[PDB]
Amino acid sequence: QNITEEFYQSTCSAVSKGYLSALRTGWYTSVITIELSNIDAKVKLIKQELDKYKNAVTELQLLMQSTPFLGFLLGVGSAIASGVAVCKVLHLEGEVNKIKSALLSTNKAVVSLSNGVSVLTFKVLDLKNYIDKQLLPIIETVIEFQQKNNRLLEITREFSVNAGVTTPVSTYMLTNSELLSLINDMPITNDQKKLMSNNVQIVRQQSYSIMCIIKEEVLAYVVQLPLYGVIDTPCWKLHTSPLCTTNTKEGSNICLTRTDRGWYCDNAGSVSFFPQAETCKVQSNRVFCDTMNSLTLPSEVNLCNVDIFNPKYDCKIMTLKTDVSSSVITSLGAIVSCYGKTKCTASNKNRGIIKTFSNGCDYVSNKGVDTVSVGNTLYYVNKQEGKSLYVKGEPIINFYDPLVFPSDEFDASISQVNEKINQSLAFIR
């Protein structure tokens, strides 16, 4: 919609802002059911296709016994725990029969379970009605039985190669018409209904299908859908690249890299920080993330982009000497960390080189630039529309005396480096 991006020459980092949040805060668990039947050449094909039915039920029975930079700081939880709790209820006596009763006259029904969870239950395939009413005979019957048995066969195979938990949720587990109607009857706000409906493919990837139970001639599996409790708050993506001195002797050079790269989103007076930005999915200017992949930081962490030396937040950096050249493709441009004898250029679609990077950390916007070359690596830039702003600044690495600079600090900060410099300075005195 309106994406902007600022590059900070002083800290060799860039922030892409203008995005809107869609953060997964809750789960909606629904129970999907398939009603099963206990049981010339046109008849031989029927028994062969019926053996597929009996082998799929055996697999599901034999599968039901299988009960369901700063990223290392993250917590540890189970993503499907709320879906497992619903599945544990279905194993209670008379609970599957409660679902079987509510879907007797209709396909969509809201069922309140014995543990108080009111789930929205679906009957998506009626194979007991088909197989039992067409059990009288034992080519038109052969083809239509393969079409109705196909969904059961594919649901079973997806569960077989995924321990009974699949993500993203396929059209076999839940069709678009079923998912769209499930969203409409879902007890959520109108903003969440419009968001999930306009992005059903993202909803599928952040959803789970959990194989549950097959008893009393009923196959039931749990589809666990994301609930976005945070919508339309500001998000911004922080890109970082190593910032080194560019002296002629490489042994006297020191480096510094901001380690707080990832996705940031405003959330409930704090900031939700996703250190491994691969765990978020971007749709135009909407970013979908799971709060399980996040750290909760003070909102003052944003100040590191403006003044990395601010007294309100201890900005995190590393000081590993990384004297090799690399590039980071941002949202609207490219950061280039060019060091040593590496050839660092930016080229245009048809004409070739239009910018030659010198040693140090620099930036080029994607306007009129299509590729970036660093050594023998060719990078294509993102061609999304948006404005880039180059914030000139003295590289902060030039403020440090190399003789007392603490190199090889893995997870440090501005204050930690300041503290270690004083100790070394004390030894000098």
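Residues carry their position along the shown sequence, with the first being 1.
The gap between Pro68 and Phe69 holds 10 or more unmodelled residues of the deposited sequence.
Per the record, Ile138 and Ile139 are separated by 10 or more deposited residues that are missing from the model.
The PDB entry reports B-factors from which the mean C-alpha value can be compared for 92 to 100 and 255 to 263; the larger average falls on 92 to 100.
Between the stretches 286 to 294 and 246 to 254, it is 246 to 254 that shows the larger average CA temperature factor. The residue among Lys387, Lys392, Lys383, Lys54 whose C-alpha carries the highest B-factor in the deposited model is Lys54. Note on the listed residues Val223, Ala81, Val218, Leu227: the highest Cα temperature factor in the record is that of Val218. Among the modelled residues of its chain, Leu332 has a C-alpha B-factor that falls in the lowest third, as given in the PDB entry.
Remark: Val117 belongs to the highest third of its chain, ranked by C-alpha B-factor as recorded.
Annotation for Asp314: C-alpha temperature factor in the lowest third relative to the rest of the modelled chain, per the entry.
In the PDB entry, a CA B factor belonging to the lowest third of its chain's modelled residues is recorded for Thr356. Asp370: CA B factor in the middle third of modelled residues in this chain (values from the PDB entry).
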